[PDB]
Amino acid sequence: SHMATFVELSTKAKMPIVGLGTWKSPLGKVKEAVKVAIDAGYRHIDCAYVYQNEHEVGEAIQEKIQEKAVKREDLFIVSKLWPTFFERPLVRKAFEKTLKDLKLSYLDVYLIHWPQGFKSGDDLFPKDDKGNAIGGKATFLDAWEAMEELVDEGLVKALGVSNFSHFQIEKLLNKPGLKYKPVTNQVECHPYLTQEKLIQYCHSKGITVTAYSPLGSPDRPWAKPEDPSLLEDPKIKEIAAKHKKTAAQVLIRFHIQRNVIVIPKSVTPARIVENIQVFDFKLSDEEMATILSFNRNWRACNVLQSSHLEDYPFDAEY
Ligand SMILES: NC(=O)c1ccc[n+]([C@@H]2O[C@H](COP(=O)([O-])OP(=O)(O)OC[C@H]3O[C@@H](n4cnc5c(N)ncnc54)[C@H](OP(=O)(O)O)[C@@H]3O)[C@@H](O)[C@H]2O)c1
Ligand SMILES: O=C(/C=C/c1ccc(O)c(O)c1)OCCc1ccccc1
């Protein structure tokens, strides 16, 4: 029924401009959510080892593949490497668990989830007696080298990064012996955090941008009632009303017209459909400029307060 526009990657592969986010999608609900999405015409699914629901995502994908509802080559599955797995043999292990869970033979994109290395071990969130993050020994550069092997072996079609600043991307691009370039940088983006300079930088380098938490992630555990709320913003809803659209649809279309890939999360069937019904209207030029003017450099996703460790991305201007 629906098809999201393609954004072409540096590799010539085709990335659908809208995908389904899966963070906080509870076990027992995410499987149906992905099926509804696939039926509606979603092809891009955003996943992560650290979301701990990848195996239910895999059940859904595998089912739909079996029913001939969709073919693997048309699906675009992205997952991410969590920083407790930066050491070379752990990279391979985390990737193998992710791939087994998703019941796939290959990933379309594999991302570095976060640039700072965290202490290897059982814990996904290693902390000290004051709850600060414990750093690890391998760097994201070490990790990338291991990931490049995945590409060589045909296990991953392309690599990318998430939550990187331009300084960190620069470091990657200038790394001696670089085999594969990042095809995307997945960062928080929305009208309260418009990311102009970083988007400009990435595009200038042939690196796409994927916008996460585009609805303001209202279901983030740490949300506080004083925090800004995009879905309730009256100017947003006013613009939505003009196009007989919802606020969510405007907040998604926003990224599309900046040529930014966007991955709204829902486990509600009606919303899943609604979130991909965004190729039948255009925001006016002044509507875009108005939405852009809402920037307040506000991050909904800043619970990682590992500002003491090396390579903390949010200290940089962009
Ligand atoms: N790379 C990273 O570090 C990173 C970080 C955060 C997120 N991400 C990715 O980006 C995805 C999206 O971000 P997010 O999960 O933080 O938040 P989000 O997509 O901005 O917001 C999701 C919330 O919005 C609700 N919602 C969805 N569609 C709606 C609609 N049409 N109308 C009203 N409410 C709606 C959902 O409710 P229901 O689900 O109950 O319908 C859910 O509570 C994540 O799932 C994850 O895949 C990546
Ligand atoms: O719960 C979190 C982070 C959650 C999260 C979820 C989804 C994402 O896509 C993401 O980017 C982040 O962090 C907790 C704090 C922490 C982390 C590590 C070590 C010590 C302390």
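A brief look at the structure comes next. (Residues numbered from 1 in each chain as written, not as in the entry; some residues may be left out. Chains lettered and ligands numbered in written order. Heavy atoms only, no water.)

1. Regarding the pairing of strand β8 (residues 184-188)
Item 1. For β8, the buried fraction is high: 5 of the 5 residues fall into the buried class.
Item 2. Pairing analysis gives 2 bridges linking strand β7 (residues 159-162) to β8, with the strands arranged parallel. Of the residues in β8, the one forming a bridge with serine 162 is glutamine 186.
Item 3. Following the backbone out of β7, through helix α5 (residues 166-173) and into the adjacent parallel β8, one traces a crossover that is right-handed.
Item 4. Looking at chain direction, β8 and strand β9 (residues 208-212) are connected through 5 bridges and run parallel. (Buried < 20%, exposed > 50% of the residue type's maximum accessible area, 1.4 Å probe, protein only. Helix = DSSP H or I, 4+ residues; strand = E, 2+ residues; numbered from the N terminus. Pairing = 2+ DSSP bridges. Right-handed = clockwise from strand over helix to strand, strands pointing away.)

2. Some remarks on the sheet that holds strand β5 (residues 76-81)
Item 1. Pairing in this open sheet of 8 strands is parallel, and the strands run β3-β4-β5-β6-β7-β8-β9-β10 from one edge to the other. Bordering the open sheet on either side are β3 (19-21) and β10 (261-262), each of which pairs with just one other strand.
Item 2. As paired elements, β5 and strand β6 (residues 109-112) share 4 bridges and run parallel to each other. Residue pairing across strands places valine 78 opposite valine 109, the latter belonging to β6.

3. Comments concerning the site of ligand 2
Item 1. Within the structure, ligand 2 sits among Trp23, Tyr51, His113, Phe118, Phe125, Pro126, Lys127, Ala133, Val303 and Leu304.
Item 2. Between ligand 2 and the protein, one listed contact pairs an oxygen atom with a side-chain N or O atom of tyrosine 51 at 2.8 Å.
Item 3. Within the side chain of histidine 113, a nitrogen or oxygen atom sits 2.8 Å from an oxygen atom of ligand 2.
Item 4. About the coverage of ligand 2: the protein hides 83% of its 510 Å² of free accessible area.
Item 5. In terms of residue class, the shell around ligand 2 is built from 8 nonpolar, 1 polar and 1 charged. (Near = heavy atom within 4 Å. Polar contact = N/O pair within 3.5 Å; in protein donor to acceptor, adjacent residues only side chain to side chain. Areas by Shrake-Rupley, 256 points an atom, 1.4 Å probe, with all protein chains shown as cover. Nonpolar A, V, L, I, M, F, W, Y, C, P; charged D, E, K, R; others polar.)

Honestly, that's just the spatial picture; any functional story needs more than this.
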